[PDB]
Amino acid sequence: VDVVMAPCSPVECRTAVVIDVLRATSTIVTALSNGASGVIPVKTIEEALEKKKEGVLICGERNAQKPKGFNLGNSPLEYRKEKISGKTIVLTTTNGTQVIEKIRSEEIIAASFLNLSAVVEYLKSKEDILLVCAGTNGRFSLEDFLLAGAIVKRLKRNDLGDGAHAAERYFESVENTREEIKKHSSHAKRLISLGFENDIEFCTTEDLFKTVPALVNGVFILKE
Amino acid sequence: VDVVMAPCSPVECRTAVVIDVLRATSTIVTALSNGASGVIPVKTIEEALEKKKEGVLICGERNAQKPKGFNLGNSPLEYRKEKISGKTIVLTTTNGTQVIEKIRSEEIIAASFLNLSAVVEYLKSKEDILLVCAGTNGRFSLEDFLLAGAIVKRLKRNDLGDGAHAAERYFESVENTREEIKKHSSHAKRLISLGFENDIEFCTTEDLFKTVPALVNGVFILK
């Protein structure tokens, strides 16, 4: 129904969709689609390190790179079945849990281009929807806004909030998602500079998965 | 160079432009353009009332309506020269000071469609520009975003941040500003329902003024 970019105060809705396309929600979707038991978003590197135990992998990034002592970084390509099947993923990224903590909703799901059609189908029967973009370092995230616009366009609703309308209009101006993000996203440029251009291509590849991660008691999981 | 909508933490930049089109910055521009000595942003109604004294007018809104005890509301049409010329305007709006507090910049100006061209001309020689949209009650503000996009398109810089690129593309999709806002801005629709339709038309009128309000040590003035 509406889109918010990096909210500052608690946002209320019935159905919330978390978007951190350049990797975070793409990592969440990829990990769960490849067998991970669950993905637990955590705020700091320190607390992430305190959660080490058998069957658990400490993952994430800061400055887009894997922190010292961690198992995996925040590149979705690292989350292969042979590496994370049956494991619980403790994930801490730059946006920590900033977005999640401000969401006051009955349901919270994770979206990326990777599972876009599944997300759209799930949302068609939902009311009071808020697409919550995490943003980049508290700034506007082009890739998050683009995914939000793609979703809005396909929900075909008529009660669009300012954010949803702006996102849809922006989406309509895009000729090619991949090219658009590589050329105009600041975070995408940072990722490319660090050798992660492959991540941008993977993260913008639509529908490689048909899953819809749900946040249940602080853990993103797959459920019926 | 970039656009931010209702920032949460302090944003640092060399040059900042505050945007609260539906009234706040339109009121600030209108007031100074009509003779006001300055416009002082104030946080609470309690504080605004205390500053009452000869030569000062207490103005602002809460729920878009003029608070009890106040001289003027937040309708730019109220700031006529015959009423405010030479007086200091104490202005408190819903989240006015909260937004200004997030701007870590030595150079802060206010913009509206009312002084669009003057603002663009002012920014021509400016580097590291951040257009700060106030937003409405924590939500995205279409009218602020549209003005930001209009400014970005006029500057034609070779370095746009994510927000500026999105705002520019959005601006390019709009054929008519007044109709776009009346049809798609939740806040504009609320204002219309409260009887402020004239404000929507006035605030989206381009270049009625050629002034550029500057926040100088807590007070918006015309250098």
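Each chain gets a letter, A, B and so on, in the order the sequences are listed, and its residues count up from 1.
Here the closest heavy-atom approach between residue B:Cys8 and residue A:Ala6 is recorded as SG-O, 3.3 Å.
Within a 6.0 Å sphere centred on NZ of B:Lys156, other residues, nucleotides and ligands contribute more than 12 heavy atoms. Atom NZ of B:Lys126 has more than 12 neighbouring heavy atoms from other residues, nucleotides or ligands inside a 6.0 Å radius. By the 6.0 Å contact criterion, CG on B:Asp207 is enclosed, its count of non-hydrogen atoms from other residues, nucleotides or ligands being greater than 12. With a 6.0 Å radius and a threshold of 12 heavy atoms from other residues, nucleotides or ligands, B:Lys210 has its NZ atom at or below the threshold. Counted within 6.0 Å of NZ on A:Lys124, heavy atoms from surrounding residues, nucleotides or ligands total more than 12; the atom is thus considered enclosed. No more than 12 heavy atoms of other residues, nucleotides or ligands shown are found within 6.0 angstrom of CZ on B:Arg190. Atom NZ of B:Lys182 has more than 12 neighbouring heavy atoms from other residues, nucleotides or ligands inside a 6.0 Å radius. Remark: A:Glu47 CD is packed, more than 12 non-hydrogen atoms of other residues, nucleotides or ligands lying under 6.0 Å away.
Contact annotation for B:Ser9: neither backbone nor side-chain heavy atoms come within less than 4.5 Å of a heavy atom of chain A. Heavy atoms closer than 4.5 Å to chain A are found in the side chain of B:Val11, but not in its backbone.
Applying the salt bridge (charged side-chain N to carboxylate O under 4.0 Å, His left out) test to B:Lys51 and every residue at least two apart in sequence or in another chain returns nothing.
Summarising the geometry, atom NE2 belonging to B:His165 is positioned 9.0 Å from atom CG belonging to A:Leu146; distances are rounded to the nearest 0.5 Å.
Residues from residues 166-180 of chain A that place a non-hydrogen atom less than 4.5 Å from a non-hydrogen atom of chain B comprise A:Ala166, A:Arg169, A:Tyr170, A:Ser173, A:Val174, A:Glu180, given in numerical order.
Side-chain contact check for A:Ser141 and B:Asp162: no donor-acceptor pair (N or O, by modelled atom type) lies under 3.5 Å.
Using the six-membered ring where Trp is involved, B:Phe145 and A:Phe145 have ring planes that are perpendicular, over 60° apart on the 30 and 60° scheme.
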